[PDB]
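J.: Would you be able to build a 3D model of this:
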Amino acid sequence: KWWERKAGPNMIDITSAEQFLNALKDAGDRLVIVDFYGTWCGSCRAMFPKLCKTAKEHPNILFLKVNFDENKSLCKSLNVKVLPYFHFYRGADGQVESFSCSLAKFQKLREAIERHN
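T.: Numbers count the residues shown, from 1 in each chain. Sure, structure below:
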């Protein structure tokens, strides 16, 4: 599957609600970037290499990949309405970013990271 190709060790597939919370809790005070994507999302597929490169460049950021099509109830509960979409979480602060971005507007994701390192 395209979302598995060249994905580094800080990029994890989320397949259940409990696993999602455990990942957020176990992250401690680390920045967590949650990548909501779809199996047939062209933009998602197109930006994946850039996302993988970003993860390699930031080994201490945790990237959680959430396939909307395989976790629909979870994504709906989280108010995710369009794909690609991102939530950032960090420790006690909980959710600290919530946004979409284009392939060409990938710099918005980099700017979001820089707001939280």
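J.: how distant is stretch 5-25 from the center of its chain?
T.: The chain centre lies 9 Å from the centre of stretch 5-25; the measure is C-alpha atoms, centre = their mean, to the nearest Å.
J.: how about it: buried residues?
T.: Within stretch 5-25, the residues scored as buried using 16 or more other C-beta atoms under 10 Å are 7, 10-11, 14, 20, 23-24. Bear in mind the C-beta positions are built from the backbone N, C-alpha and C, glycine included.
J.: Among these, name the ones in strands.
T.: Counting by DSSP state E, the buried residues of stretch 5-25 place 11, 14 in strands.
J.: would you list the buried residues of stretch 5-25 in JSON lines and tack on distance to residue 31?
T.: Supplementary listing: those in JSON lines, determined by distance: C-beta to C-beta, whole Å:
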{"residue": "7", "distance to residue 31": "18"}
{"residue": "10", "distance to residue 31": "11"}
{"residue": "11", "distance to residue 31": "14"}
{"residue": "14", "distance to residue 31": "16"}
{"residue": "20", "distance to residue 31": "16"}
{"residue": "23", "distance to residue 31": "13"}
{"residue": "24", "distance to residue 31": "11"}
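J.: Against residue 60, how distant is the residue nearest to residue 45 when sequence neighbours are not counted?
T.: For residue 45, ignoring the flanking residues on the chain, the nearest one in space by C-beta to C-beta, 6 or more residues apart in numbering is residue 2 at 5.3 Å. Distance, residue 2 to residue 60, using C-beta to C-beta, to the nearest Å: 25 Å.
J.: So which of those two has more stuff around it?
T.: residue 2 (13 against 8; other C-beta atoms under 10 Å).
J.: what residues does stretch 43-58 touch?
T.: For stretch 43-58, the surrounding residues in contact (C-beta atoms under 8 Å, 6 or more residues apart in numbering) are 2-3, 5-8, 10-11, 35, 37-38, 61, 63, 83-84, 101-103, 106, 109-110, 113.
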